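Trainee: Got a structure here, written out as structure tokens. Questions coming.
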Amino acid sequence: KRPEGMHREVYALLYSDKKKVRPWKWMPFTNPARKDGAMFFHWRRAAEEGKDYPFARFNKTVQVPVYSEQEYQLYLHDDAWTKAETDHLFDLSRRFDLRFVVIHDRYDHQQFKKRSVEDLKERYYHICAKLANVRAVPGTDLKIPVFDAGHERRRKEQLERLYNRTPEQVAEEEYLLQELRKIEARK
Amino acid sequence: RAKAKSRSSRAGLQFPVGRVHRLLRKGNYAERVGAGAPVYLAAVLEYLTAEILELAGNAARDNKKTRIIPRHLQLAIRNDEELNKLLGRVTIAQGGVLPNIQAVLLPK
Amino acid sequence: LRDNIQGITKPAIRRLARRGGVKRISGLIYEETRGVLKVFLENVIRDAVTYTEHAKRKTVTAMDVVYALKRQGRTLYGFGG
Amino acid sequence: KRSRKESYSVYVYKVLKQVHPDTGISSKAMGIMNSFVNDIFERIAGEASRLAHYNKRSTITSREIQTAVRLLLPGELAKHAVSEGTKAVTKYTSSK
Amino acid sequence: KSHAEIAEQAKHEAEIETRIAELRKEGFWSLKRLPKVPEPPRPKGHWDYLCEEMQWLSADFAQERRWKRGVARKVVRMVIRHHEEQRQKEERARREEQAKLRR
Amino acid sequence: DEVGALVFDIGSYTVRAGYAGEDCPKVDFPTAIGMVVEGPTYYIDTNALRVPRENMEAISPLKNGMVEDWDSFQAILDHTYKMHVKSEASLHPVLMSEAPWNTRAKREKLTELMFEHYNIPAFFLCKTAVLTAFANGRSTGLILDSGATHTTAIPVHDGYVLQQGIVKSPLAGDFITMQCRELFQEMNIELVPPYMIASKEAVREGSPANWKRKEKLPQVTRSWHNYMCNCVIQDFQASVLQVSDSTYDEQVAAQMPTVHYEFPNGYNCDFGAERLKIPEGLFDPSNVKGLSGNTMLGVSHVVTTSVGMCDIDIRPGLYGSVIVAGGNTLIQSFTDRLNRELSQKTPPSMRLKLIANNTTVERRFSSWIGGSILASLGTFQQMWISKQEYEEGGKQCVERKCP
Ligand SMILES: Nc1ncnc2c1ncn2[C@@H]1O[C@H](COP(=O)(O)OP(=O)(O)OP(=O)(O)O)[C@@H](O)[C@H]1O
């Protein structure tokens, strides 16, 4: 008699062609990445009690130099920038992970005159470059690539002139089509 | 609904079981197709493809080439015993032939 | 067109024979090869034009040639998409 | 207005890369490969259809496909393909 | 000349003049697109870690929601089939009665 | 990574409290609660709120996403803690949402009130725009939140809000309620709340309502009466109103199928173009009578102004990650009209795309889902303002610890 006892398709294909200890516990823990020693809680296992916080690796804050009073007074002096303003700019840079689009919004316009993004970026890069240009021994960062603010101002102006152009988009696209047309005709 | 799992992944194949079943069901082959037929067909096709690809890659490494070209396919097919029988009546473009010179036409 | 079978010259036929392993070739072998190639192309292109006309198409696609070769037994890979 | 044509190149390259990490494949070789896949698909499906018609059955099943593979593939390739198909049909019905 | 091609040439010259005017106004292509952008990324940024895990768990909840509403869905579903199976259980008992009839 | 915490989203319309890590908030209850001097008492879950009780008094704890009465706010917090949360505050951190336009003074005062009164182990105060972005899965984009009090476009960049790019408009649920009130008064519909109805009978369409008034109604203040009437009006809005696909045209609106609705008192009638003419003011306030002002900006106008007030380099990201949220966004065809207007007004050079978070839970509870998934992250475990941080840095440490 047919043995079968298994799945129809598989069966036809095959024959027709012949100590518990490990409680999870609401354990407290501390994150070595923090400096305030704040204690949190987590449902850890019974094996990794007291083990380091695994996500502690995600603490590589952005790199930003820290000038001193004498260094600033000596080299970073600027007629159009004071300490009250430069320290705040660097604090914003350290706090918001070096994004100037947000540093400009967080700028304190009530105590300092209004600023753009390009001027702030230029000031920051000039500070970083001048801090290290005092000597050749520093190996961390010596030749900071100070970005171009002059050409950036143009890249801003002649692009904002294109942004808010309502019928000029269609006009330019149409004339560009006609341009390719007669250029191919004269080729 | 639950996270949809494809039949190819469920079986353990790479070839499209869904498209194979579509072809089988809409084709001349039969009125309706069972769920097991396209899986088996795709598995067999994938096995043949893996075999011929292994042989073609071996021929390519022998010829010192990183890209399998029709030469590496023709050489593989006509060097293998069973694949040659499978594709005897099949010609491959730009594949060439084997350097099979008859021993009687050699220098004497 | 006419007499385009002569576009298969003696060097071409001799290279085709070298690729087949022939060492020495005779004189009338070239005419025999031209005649055989013409007879083969006749059937292949007749099948292709039969697959084309039936499709009401004015261009002989590569799939028509593939189907003609399959009918004649010469399954050809590399032109089936 | 797109006229998109399908192919097996996305999976023929996956199998290629899993069976040979360092070796690639050209476009012409991929086309010949897809042609081979289509040809063998047609062969096996037609053989299964013939078996069904001979057994007076209107539906093709895994058993028809298995006997068709046994008939088509020669010698020590038939056995390999059949073992692969059998193992796949058993790992598929086990809900894994 | 074609007593028309010269007119087409004059029209093309007028088009060229209008395009020169439009270029003096606002230009056609703002050349020098981001040429001097040496902003060096931090050693690892450390903010992509948040963004990375952010994308990792954000899609998870969205997926788990659709899965949960799908899971609870099919649950209440087999519930309906079960109740149907109870009425279908009585119908199967009736079929067993009919099978005794047939015997 | 997960830690038992408490996520709070305190809006001007509803308050949503729950645990971090859940797809939905534990309890959502209206914010426009009443008051009764039993001292002043407050209610949650709407069952202790919508009760006819002696001497219902007015109160407004939080308006425009900002605390208006610290006493009522503390009472709401205590009630949410002991009634529905039913757990000590010292056992769970607190991640609370705040409006981007919240002041440093209110921020520090909320921080000190949470640290000296409830003794919570950790605290965090996040902006609603950042929370909505984190919920929708984007770090850069424009959050469009049309609440009960205002419709606001807030640009967030890399998880930070750009205050100078934020834009607000008063056209919100309050405006919709005012328009519904005006429509009822014009159509001669007596707005009768449920608490004044004892029994009613079925009457023909358009006929007067046949209902009986309760005989032992208690003393209720004009504020509580208006609250019940506004609840009825919001029900009418959710059940009737629909946004016009294109710019409102009277001819095309007079060719739309009417919608039938029955008020609590039994008066039942069908609405035609009047239900589509009201929601038009949200997009075009120039055609709204009693709003003789062109300085008001519609939804699309607010979006465009918020995108324009930002740096041109990030406008593409904002246009491509425009996120829509809020209760008012649930009106039929609202997002369709919004997408149409934005595709018409946005320069094609910048890709436009709206997230399809159209579900009710996804929309109204976006700011809470965001806080939940933000507190359920191991990385976020380092941004918690601890009790020790508060004790050492004082109330002002909030500004530096949580932007
Ligand atoms: N189903 C619905 N359909 C249409 N509108 C609704 C619906 N539910 C609520 N609303 C509207 O949503 C508004 C309140 O929603 P929401 O919860 O977004 O406000 P909030 O953001 O909590 O508080 P605020 O608006 O002060 O920030 C009310 O004005 C109400 O009219």
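In the order they appear, the protein sequences are chains A, B, C, D, E and F.
Quick note on numbering: the first sequence equals residues 48 to 65, 90 to 258 in the UniProt record's numbering.
Every letter in the second sequence is one number past the one before it in the UniProt record's numbering, and letter 84, counting from 1, is 95.
Every letter in the third sequence is one number past the one before it in the UniProt record's numbering, and letter 12, counting from 1, is 34.
Every letter in the fourth sequence is one number past the one before it in the UniProt record's numbering, and letter 68, counting from 1, is 98.
Every letter in the fifth sequence is one number past the one before it in the UniProt record's numbering, and letter 56, counting from 1, is 146.
Quick note on numbering: the sixth sequence equals residues 9 to 46, 65 to 429 in the UniProt record's numbering.
The beta-carbon is built from N, C-alpha and C at its ideal position, and this holds for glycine as well.
From the DSSP output, in three-state form, read off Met282 (chain F) for me.
Mentor: coil
Trainee: Run through DSSP, which three-state label would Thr361 (chain F) get?
Mentor: helix
Trainee: DSSP three-state call for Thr178 (chain F): helix, strand or coil?
Mentor: strand
Trainee: Does any residue of chain B have a CB that is nearer than 8 Å to the CB of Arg171 (chain E)?
Mentor: no
Trainee: Start and end of the beta strand (DSSP E) containing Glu10 (chain F)?
Mentor: Neither: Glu10 (chain F) is in no beta strand (DSSP E) and is coded neither H nor E.
Trainee: Just curious, the beta strand (DSSP E) that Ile103 (chain B) is in, first and last residue?
Mentor: 101-103
Trainee: What do you reckon, is the C-beta of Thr386 (chain F) under 7 Å from a heavy atom of ligand 1?
Mentor: yes
Trainee: Can you name the start and end residues of the alpha helix (DSSP H) that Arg89 (chain B) belongs to?
Mentor: 81-90
Trainee: Quick one: what does DSSP say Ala224 (chain F) is sitting in, helix, strand or coil?
Mentor: strand
Trainee: With 8 Å as the threshold, decide whether the Cβ of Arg123 (chain E) is near any Cβ in chain F.
Mentor: no
Trainee: Let me see if you follow: with CB-CB separation under 8 Å, is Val67 (chain D) close to chain A or not?
Mentor: no
Trainee: Roughly how many angstroms lie between the CA atoms of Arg114 (chain E) and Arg225 (chain A), to the nearest whole one?
Mentor: Straight-line spacing of the CA atoms in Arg114 (chain E) and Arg225 (chain A) works out to 15 Å.
Trainee: Give a single yes or no on whether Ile202 (chain F) has its beta carbon closer than 7 Å to a heavy atom of ligand 1.
Mentor: yes
Trainee: Looking at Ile18 (chain F): is its Cβ nearer than 8 Å to the Cβ of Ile41 (chain F)?
Mentor: no
Trainee: What first and last residue would you give for the beta strand (DSSP E) that runs through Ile349 (chain F)?
Mentor: 349-351
Trainee: Between which residues of its own chain and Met92 (chain F) is the CB-CB distance below 7 Å, once the five residues before and five after are set aside?
Mentor: Answer for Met92 (chain F): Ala125, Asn128, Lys132, listed in chain order.
Trainee: Excluding sequence positions up to five away, which residues of its chain have a Cβ less than 8 Å from the Cβ of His251 (chain F)?
Mentor: Only residues of its own chain outside the window of five on either side were considered, and among them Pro219 have a CB closer than 8 Å to the CB of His251 (chain F), listed in chain order.
Trainee: Is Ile357 (chain F) a contact residue of ligand 1, with contact defined as CB to any heavy atom under 7 Å?
Mentor: yes
Trainee: Taking the alpha helix (DSSP H) that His110 (chain F) belongs to, which residues open and close that run?
Mentor: Counting along the chain, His110 (chain F) falls outside any alpha helix (DSSP H), and DSSP gives it neither H nor E.
Trainee: Ordered along the chain, which non-local residues of its own chain (more than five positions away) have a Cβ less than 7 Å from that of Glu92 (chain B)?
Mentor: none
Trainee: Does any residue of chain C bring its CB to less than 8 Å from the CB of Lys58 (chain D)?
Mentor: Contacts with chain C at 8 Å (Cβ-Cβ) include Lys58 (chain D).
Trainee: Near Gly106 (chain B), which residues of its chain fall below 7 Å by C-beta distance, leaving aside the five closest residues on each side in sequence?
Mentor: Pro81, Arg82, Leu84, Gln85
Trainee: Listed from N- to C-terminal order along the chain, which residues in the region 59-87 of chain B have their beta-carbon within a distance smaller than 9 Å of any beta-carbon of chain C?
Mentor: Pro81, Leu84
Trainee: Which residues in chain D sit within 7 Å of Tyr99 (chain C), going by Cβ to Cβ distance?
Mentor: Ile62, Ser65, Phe66
Trainee: Have a look at the DSSP bridge pairing and note the partners of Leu147 (chain E).
Mentor: Partner(s): none; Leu147 (chain E) has no beta bridge.
Trainee: Around the C-beta of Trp95 (chain A), are 16 or more other C-beta atoms found within 10 angstroms, so that it is buried, or is it exposed?
Mentor: exposed
Trainee: Check whether the Cβ of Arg363 (chain F) lies closer than 7 Å to any heavy atom of ligand 1, and answer yes or no.
Mentor: no
Trainee: Let me see if you follow: with CB-CB separation under 8 Å, is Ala41 (chain B) close to chain C or not?
Mentor: no
Trainee: Roughly how far, in whole angstroms, is the beta-carbon of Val87 (chain C) from the beta-carbon of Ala70 (chain C), given that I think they are within contact range, below 8 Å?
Mentor: Yes, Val87 (chain C) and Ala70 (chain C) are in contact; Cβ-Cβ is about 5 Å, under 8 Å.
Trainee: Determine, using beta carbons only, whether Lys37 (chain B) comes closer than 8 Å to chain E.
Mentor: no
Trainee: Please list, in chain order, the chain A residues whose beta carbon lies closer than 8 Å to that of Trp410 (chain F).
Mentor: Listed along chain A are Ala109, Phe111, each with a C-beta nearer than 8 Å to that of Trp410 (chain F).
Trainee: State whether the region 111-119 of chain A contacts the region 123-134 of chain E, with contact taken as three or more CB pairs (one from each stretch) at a distance under 8 Å.
Mentor: no
Trainee: What does DSSP give as the partner residues of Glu124 (chain F) in its beta bridges?
Mentor: F:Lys153
Trainee: Which residues does DSSP pair with residue 129 (chain D) in a beta bridge?
Mentor: Because chain D spans 31 through 126 in this model, residue 129 (chain D) falls outside it and cannot be assessed.
Trainee: Quick one: does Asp219 (chain A) have its CB under 8 Å from some CB of chain E?
Mentor: yes
Trainee: Along the alpha helix (DSSP H) that carries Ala155 (chain A), what are the first and last residues, could you check?
Mentor: 154-166
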